[PDB]
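Text of the file protein-v6.tsv, holding TSV, C-alpha atoms and all ligand atoms:
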```tsv
chain	number	residue	atom	x	y	z
X	151	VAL	CA	195.16	101.44	239.68
X	152	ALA	CA	196.49	104.51	241.49
X	153	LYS	CA	199.67	104.59	239.42
X	154	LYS	CA	197.74	104.59	236.15
X	155	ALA	CA	195.30	107.19	237.47
X	156	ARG	CA	198.16	109.56	238.25
X	157	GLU	CA	199.86	108.85	234.92
X	158	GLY	CA	196.72	109.69	232.97
X	159	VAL	CA	195.92	112.87	234.86
X	160	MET	CA	199.47	114.17	234.46
X	161	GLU	CA	199.19	113.24	230.79
X	162	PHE	CA	196.16	115.49	230.39
X	163	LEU	CA	197.69	118.44	232.24
X	164	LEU	CA	200.94	118.34	230.29
X	165	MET	CA	198.89	117.81	227.14
X	166	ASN	CA	197.15	121.15	227.30
X	167	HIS	CA	199.96	123.00	229.07
X	168	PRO	CA	202.25	125.57	227.42
X	169	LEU	CA	205.83	124.61	226.63
X	170	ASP	CA	207.80	127.54	227.99
X	171	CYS	CA	209.58	126.16	231.04
X	172	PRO	CA	213.02	127.61	230.16
X	173	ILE	CA	211.62	131.15	230.44
X	174	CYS	CA	208.84	130.52	232.95
X	175	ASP	CA	210.35	131.14	236.35
X	176	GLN	CA	209.32	128.70	239.03
X	177	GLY	CA	211.06	126.30	236.67
X	178	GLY	CA	213.03	124.33	239.20
X	179	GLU	CA	210.45	124.93	241.89
X	180	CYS	CA	207.27	123.91	240.07
X	181	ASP	CA	205.00	121.36	241.65
X	182	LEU	CA	203.58	120.32	238.26
X	183	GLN	CA	207.15	119.82	237.08
X	184	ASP	CA	208.30	117.71	240.03
X	185	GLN	CA	205.02	115.80	240.21
X	186	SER	CA	205.34	114.89	236.53
X	187	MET	CA	208.98	113.90	236.83
X	188	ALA	CA	208.34	111.70	239.87
X	189	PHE	CA	204.86	110.25	239.24
X	190	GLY	CA	203.94	110.81	235.59
X	191	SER	CA	204.96	109.14	232.36
X	192	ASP	CA	207.99	109.88	230.20
X	193	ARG	CA	206.54	110.30	226.69
X	194	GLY	CA	203.79	112.54	225.36
X	195	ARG	CA	201.57	111.63	222.42
X	196	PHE	CA	200.08	114.88	221.12
X	197	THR	CA	200.61	117.00	218.01
X	198	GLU	CA	197.59	119.23	217.45
X	199	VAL	CA	197.40	122.91	218.35
X	200	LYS	CA	197.05	123.80	222.02
X	201	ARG	CA	195.01	126.64	223.53
X	202	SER	CA	196.50	129.99	224.50
X	203	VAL	CA	195.05	132.99	226.29
X	204	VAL	CA	196.25	136.55	226.75
X	205	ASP	CA	198.31	137.47	229.79
X	206	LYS	CA	197.01	139.80	232.49
X	207	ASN	CA	198.13	142.60	234.78
X	208	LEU	CA	197.16	142.77	238.45
X	209	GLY	CA	199.09	145.79	239.64
X	210	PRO	CA	202.84	146.02	240.08
X	211	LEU	CA	203.05	142.99	242.33
X	212	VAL	CA	201.58	139.91	240.64
X	213	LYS	CA	202.05	139.63	236.89
X	214	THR	CA	200.38	136.70	235.20
X	215	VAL	CA	201.04	134.80	232.00
X	216	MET	CA	197.71	133.04	232.07
X	217	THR	CA	198.72	130.65	229.32
X	218	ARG	CA	199.31	128.14	232.13
X	219	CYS	CA	196.28	128.63	234.42
X	220	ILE	CA	195.50	124.96	234.99
X	221	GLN	CA	192.18	125.78	236.70
X	222	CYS	CA	192.95	124.88	240.30
X	223	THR	CA	191.01	127.72	241.98
X	224	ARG	CA	193.65	127.94	244.71
X	225	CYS	CA	193.93	131.67	244.10
X	226	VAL	CA	190.15	132.06	244.01
X	227	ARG	CA	189.64	130.20	247.27
X	228	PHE	CA	192.44	132.16	248.93
X	229	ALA	CA	191.20	135.54	247.73
X	230	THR	CA	187.69	134.75	248.96
X	231	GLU	CA	188.58	133.16	252.32
X	232	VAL	CA	191.82	134.54	253.74
X	233	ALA	CA	192.39	137.79	251.84
X	234	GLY	CA	188.87	139.18	252.32
X	235	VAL	CA	188.42	141.07	249.05
X	236	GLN	CA	186.47	139.21	246.35
X	237	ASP	CA	187.98	140.26	243.03
X	238	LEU	CA	189.55	137.17	241.46
X	239	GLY	CA	187.13	134.69	239.93
X	240	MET	CA	187.08	131.82	237.47
X	241	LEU	CA	185.05	132.67	234.38
X	242	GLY	CA	184.45	130.92	231.08
X	243	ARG	CA	183.65	127.31	230.20
X	244	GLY	CA	185.33	124.11	229.10
X	245	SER	CA	188.86	124.41	227.80
X	246	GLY	CA	188.18	128.13	227.40
X	247	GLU	CA	188.23	128.96	231.09
X	248	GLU	CA	190.28	131.87	232.41
X	249	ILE	CA	190.90	133.35	235.84
X	250	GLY	CA	190.80	137.12	235.87
X	251	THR	CA	188.89	140.12	237.14
X	252	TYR	CA	186.39	140.93	234.41
X	253	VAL	CA	186.82	144.72	234.48
X	254	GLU	CA	190.64	144.79	234.29
X	255	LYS	CA	190.86	146.19	237.82
X	256	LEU	CA	193.83	145.77	240.17
X	257	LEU	CA	193.99	144.04	243.56
X	258	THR	CA	194.08	146.64	246.34
X	259	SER	CA	194.79	144.26	249.18
X	260	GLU	CA	197.71	142.77	251.03
X	261	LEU	CA	198.55	139.03	251.04
X	262	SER	CA	198.87	139.13	247.24
X	263	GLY	CA	202.42	137.93	247.71
X	264	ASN	CA	200.74	135.08	249.52
X	265	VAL	CA	198.74	134.59	246.31
X	266	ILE	CA	201.95	134.23	244.32
X	267	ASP	CA	203.21	131.69	246.84
X	268	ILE	CA	199.92	129.77	246.79
X	269	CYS	CA	199.65	129.46	243.00
X	270	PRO	CA	201.82	126.38	242.28
X	271	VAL	CA	202.48	126.56	238.55
X	272	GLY	CA	204.43	129.61	237.51
X	273	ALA	CA	201.71	131.92	236.21
X	274	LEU	CA	201.09	134.40	239.03
X	275	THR	CA	204.60	135.64	239.78
X	276	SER	CA	206.14	138.60	241.57
X	277	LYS	CA	206.89	141.38	239.12
X	278	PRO	CA	209.92	142.89	240.94
X	279	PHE	CA	211.47	139.40	240.90
X	280	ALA	CA	210.73	138.91	237.22
X	281	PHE	CA	213.67	136.90	235.89
X	282	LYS	CA	216.50	137.61	238.31
X	283	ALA	CA	217.27	134.05	239.41
X	284	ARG	CA	216.11	130.46	239.59
X	285	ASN	CA	215.78	128.82	243.00
X	286	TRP	CA	218.74	126.45	242.82
X	287	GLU	CA	221.12	129.42	242.68
X	288	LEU	CA	220.59	131.27	245.96
X	289	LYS	CA	220.83	130.41	249.66
X	290	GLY	CA	218.14	130.90	252.28
X	291	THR	CA	218.61	132.14	255.84
X	292	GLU	CA	215.72	131.80	258.28
X	293	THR	CA	215.09	135.11	260.05
X	294	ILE	CA	212.27	137.16	261.53
X	295	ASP	CA	210.59	140.40	260.49
X	296	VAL	CA	211.06	143.92	261.82
X	297	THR	CA	208.76	146.00	259.61
X	298	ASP	CA	205.51	144.70	261.10
X	299	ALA	CA	204.99	144.18	264.83
E	2	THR	CA	205.58	112.78	219.24
E	3	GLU	CA	207.35	110.40	216.89
E	4	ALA	CA	205.17	109.47	213.93
E	5	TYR	CA	205.65	112.27	211.41
E	6	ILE	CA	209.01	113.39	212.85
E	7	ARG	CA	210.49	109.96	212.18
E	8	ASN	CA	208.66	109.63	208.86
E	9	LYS	CA	205.45	111.39	207.80
E	10	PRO	CA	205.10	110.37	204.14
E	11	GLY	CA	202.87	107.37	203.52
E	12	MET	CA	202.90	104.52	206.03
E	13	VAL	CA	199.64	102.98	207.23
E	14	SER	CA	200.92	101.84	210.63
E	15	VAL	CA	203.73	102.70	213.02
E	16	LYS	CA	205.72	99.69	211.85
E	17	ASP	CA	207.75	99.96	208.64
E	18	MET	CA	207.80	103.73	209.24
E	19	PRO	CA	211.44	104.90	209.27
E	20	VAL	CA	214.53	104.57	207.11
E	21	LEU	CA	217.70	104.34	209.16
E	22	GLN	CA	220.92	104.11	207.08
E	23	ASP	CA	223.36	103.59	209.95
E	24	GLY	CA	225.73	100.63	209.71
E	25	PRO	CA	227.64	98.50	207.21
E	26	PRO	CA	226.84	97.36	203.67
E	27	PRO	CA	225.85	93.74	203.00
E	28	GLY	CA	228.97	91.60	203.23
E	29	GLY	CA	231.18	92.71	206.10
E	30	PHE	CA	233.39	94.64	203.65
E	31	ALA	CA	235.95	91.82	203.51
E	32	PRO	CA	237.69	89.12	205.39
E	33	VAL	CA	240.60	91.03	206.93
E	34	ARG	CA	244.08	89.90	207.95
E	35	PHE	CA	245.34	89.90	211.53
E	36	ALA	CA	248.11	87.30	211.70
E	37	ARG	CA	251.71	88.35	211.20
E	38	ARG	CA	253.54	87.21	208.09
E	39	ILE	CA	257.21	88.00	207.46
E	40	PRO	CA	258.72	86.02	204.59
E	41	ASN	CA	262.31	84.86	205.00
E	42	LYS	CA	263.72	84.77	201.47
E	43	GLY	CA	267.31	85.98	201.90
E	44	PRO	CA	270.31	83.76	201.15
E	45	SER	CA	270.31	81.61	204.22
E	46	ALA	CA	273.65	80.11	205.23
E	47	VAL	CA	275.89	78.53	202.65
E	48	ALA	CA	275.26	81.19	200.01
E	49	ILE	CA	276.44	84.02	202.25
E	50	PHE	CA	279.33	82.05	203.73
E	51	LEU	CA	280.66	81.00	200.32
E	52	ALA	CA	280.24	84.58	199.12
E	53	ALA	CA	282.34	85.90	201.99
E	54	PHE	CA	285.07	83.27	201.72
E	55	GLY	CA	285.32	83.38	197.94
E	56	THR	CA	285.42	87.15	197.74
E	57	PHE	CA	288.07	87.14	200.48
E	58	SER	CA	290.31	84.68	198.64
E	59	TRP	CA	289.87	86.50	195.35
E	60	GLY	CA	290.52	89.88	196.94
E	61	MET	CA	293.74	88.50	198.38
E	62	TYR	CA	294.79	87.27	194.94
E	63	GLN	CA	294.08	90.73	193.53
E	64	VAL	CA	296.09	92.35	196.32
E	65	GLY	CA	298.94	90.06	195.34
E	66	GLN	CA	298.86	91.03	191.68
E	67	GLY	CA	298.65	94.70	192.61
E	68	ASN	CA	301.61	94.56	194.97
E	69	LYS	CA	303.55	92.83	192.21
E	70	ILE	CA	302.79	95.75	189.89
E	71	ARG	CA	303.69	98.31	192.56
E	72	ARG	CA	307.00	96.63	193.33
P	301	LIG	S1	204.89	126.37	235.91
P	301	LIG	FE1	204.45	124.76	234.36
P	301	LIG	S2	205.29	125.91	232.52
P	301	LIG	FE2	206.33	126.95	234.26
P	301	LIG	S3	208.26	125.78	234.71
P	301	LIG	FE3	206.51	124.71	235.76
P	301	LIG	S4	205.92	123.02	234.27
P	301	LIG	FE4	207.07	124.62	233.14
P	302	LIG	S1	197.96	127.16	239.99
P	302	LIG	FE1	197.83	129.38	239.41
P	302	LIG	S2	197.96	129.47	237.12
P	302	LIG	FE2	197.30	127.37	237.80
P	302	LIG	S3	195.01	127.15	237.75
P	302	LIG	FE3	195.74	127.74	239.85
P	302	LIG	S4	195.67	130.05	239.85
P	302	LIG	FE4	195.72	129.34	237.65
```

How does the structure come out when it is put into structure tokens?
Amino acid sequence: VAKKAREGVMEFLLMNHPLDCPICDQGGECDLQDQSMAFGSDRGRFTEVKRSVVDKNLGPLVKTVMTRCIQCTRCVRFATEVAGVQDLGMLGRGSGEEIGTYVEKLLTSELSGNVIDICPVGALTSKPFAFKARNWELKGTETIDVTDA
Amino acid sequence: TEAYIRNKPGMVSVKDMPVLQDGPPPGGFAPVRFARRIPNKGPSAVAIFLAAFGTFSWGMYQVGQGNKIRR
């Protein structure tokens, strides 16, 4: 029962997902990717035209290709609980449901990098780290911070 | 993701859809040969021995006649 539930749900997501992994960074880090590879099926049965939306700008920190906004509301819940400023919001209906400030404003708050870490699928991504590297290429050293206190 | 890619044109069900054209023609091309076969058809024993001995005797007779002439 649980196995088939997961298989079907992953089937629906990857059905109406875009198909641009080899340019979409977070490819190699993506939850949706690893979750599909480990728990979902292996073949898709779908031919018809998908849905696509226009990308969005949120200042020079978090660029978004909203073609892949899978309607999780992680960013919305973060921006309304931890950040403090209520700008992001989920608007629309049905398959035609986007996430974006309605008056093309920016996001004048900190923790927006935390937004780009929260958002699992690679849509909200750091602009100054646009396409410089995948994750499997670089090594991580665990340090502390000196800018803040 | 397979139906029309494999074959779109006119099938009613997923079976009898494709045309493959991969392997051999009907018949196995031949029965082939694998066993060695080296025919032995040369003059076996007595032919070659008589040839050698007879040509030797006759060559000696010719040497005799020639040495007679030369003397
Ligand atoms: S975020 Fe989605 S589209 Fe991008 S690499 Fe992952 S699976 Fe591919
Ligand atoms: S994970 Fe990111 S791109 Fe996907 S629905 Fe949530 S906010 Fe949108």

Using all atoms listed in the file, find which residues of chain E lie within 10 Å of chain X and jot them down as number ranges by chain. E: 2-5

Go ahead and save the residues from that selection, with C-alpha atoms, as a short mmCIF file (atom, residue, chain, number, x, y, z; two decimals), in the coordinates of the input.
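out.cif, freshly written:
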```cif
data_model
loop_
_atom_site.label_atom_id
_atom_site.label_comp_id
_atom_site.auth_asym_id
_atom_site.auth_seq_id
_atom_site.Cartn_x
_atom_site.Cartn_y
_atom_site.Cartn_z
CA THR E 2 205.58 112.78 219.24
CA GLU E 3 207.35 110.40 216.89
CA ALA E 4 205.17 109.47 213.93
CA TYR E 5 205.65 112.27 211.41
#
```

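Distance-wise, CA of residue 179 in chain X and CA of residue 286 in chain X end up 8.5 Å apart.
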
With all atoms listed in the file as the basis for distance, which of X:242, X:177, X:278, X:250 is at the shortest distance from ligand LIG 302 (chain P)?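 Smallest distance to ligand LIG 302 (chain P) is found for X:250.
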
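Distance-wise, atom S4 of ligand LIG 302 (chain P) and CA of residue 155 in chain X end up 23.0 Å apart.
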
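Remark: for ligand LIG 301 (chain P), the closest of the candidate residues X:209, X:168, X:263, X:158 is X:168 (distances computed over all atoms listed in the file).
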
Separating CA of residue 170 in chain X from CA of residue 199 in chain X, to the nearest tenth of an Å, is a gap of 14.9 Å
